[PDB]
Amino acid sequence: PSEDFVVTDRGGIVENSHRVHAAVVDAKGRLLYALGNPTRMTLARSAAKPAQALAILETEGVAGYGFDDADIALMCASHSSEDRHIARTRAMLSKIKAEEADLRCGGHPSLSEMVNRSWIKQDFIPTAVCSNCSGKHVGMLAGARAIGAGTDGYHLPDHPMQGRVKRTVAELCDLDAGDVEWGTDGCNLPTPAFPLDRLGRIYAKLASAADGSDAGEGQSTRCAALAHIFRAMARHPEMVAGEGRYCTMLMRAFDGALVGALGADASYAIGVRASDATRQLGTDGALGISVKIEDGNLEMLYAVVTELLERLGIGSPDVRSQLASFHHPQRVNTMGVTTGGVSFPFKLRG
């Protein structure tokens, strides 16, 4: 497993190499395939957002605000700060009678180079509603208001909204509280770390809940909420990230068969609804995939995730070809000459 790498070359000469870790799990979290160390203790960063959205949606009273599926997809989002994302953030603040000054996240350069270039041309200074995490933050303000906890300090560990987040994360992971560690995210919220396979487990449970809903099975309130989060992400993938973004292009290509989301510093998680491909992989239910590039390189992350989907047989060559520019990153110099490429000397193990 110490040999699982993605490697870039220049004229066949090794340039950089990147250690890969991955877990492929069933709906109960049993490990089916791995790369690297599948239990690596890993900060999930923004890939935890579906679990935080579950804590929001399980907060009594939040249903009264009338958030719709696109709002819930924005809670699940690391969005590009496109004008539609900012506008929806402001519209969600109005639903809870809050204002931009109540947010405790900060502005940052857009995750999209094209958006950021427009901002630079305009001397635009991003503010709190422009945060890629702005939907999650409005959701947590919503829950704070709904239980009467006060919006001041909704982002601090001592607040009941964060106590709810912390218990919800551990429960979805099937871990004791002491086995989840906490830091602080760029958006200024508590953010969890846990073994990488458990990030796969969370997304397997998302997809499993979607399968149960679609088949008409009786569900707990939790499974119904998980099915709702899956549906929202898959129905509004442009809210989850934006134009040209991997997460958006991936979920559009698969048209409801899976959901996926990025974690900052190069983690990724995918929940796959039961299919011919999942059955061929040896399980009778939904499937979860999680990935971490040890050194944090995002370009390599998206190449590896796409390569892994091909090796697992998920989708078809035609579906996955929508991701070709991520799968095989361009290596072209300033005069248009191809100078190298990207290779995948790793081996899936069962």
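So that there is no doubt, residue numbering starts at 1 and follows the sequence shown.
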Requested in this report: Give the stretch, out of 263-271 and 207-215, with the larger mean C-alpha temperature factor in the deposited entry.
Outcome: 207-215
Query raised in the report: Where do the C-alpha atoms have the higher mean temperature factor in this entry, in 319-327 or in 34-42?
Result: 319-327
Report summary line: For 232, 141, 196, 177, the deposited C-alpha B-factor is largest at 177
Query raised in the report: Taking the Cα B-factors listed in the entry, which of 48, 281, 300, 56 comes out highest?
Result: 281
Report summary line: Entry-reported C-alpha B-factor of residue 159 relative to its chain, by third, is highest
Query raised in the report: Looking at the C-alpha B-factor of residue 191, is it in the lowest, middle or highest third of its chain?
Result: lowest
Report task. Could you say whether, by C-alpha temperature factor, residue 148 belongs to the lowest, middle or highest third of its chain? Result -> highest
Query raised in the report: Should residue 333 be placed in the lowest, middle or highest third of its chain by the C-alpha B factor in the entry?
Result: highest
Query raised in the report: Considering only modelled residues of the same chain, in which third does the CA B-factor of residue 104 rank: lowest, middle or highest?
Result: highest
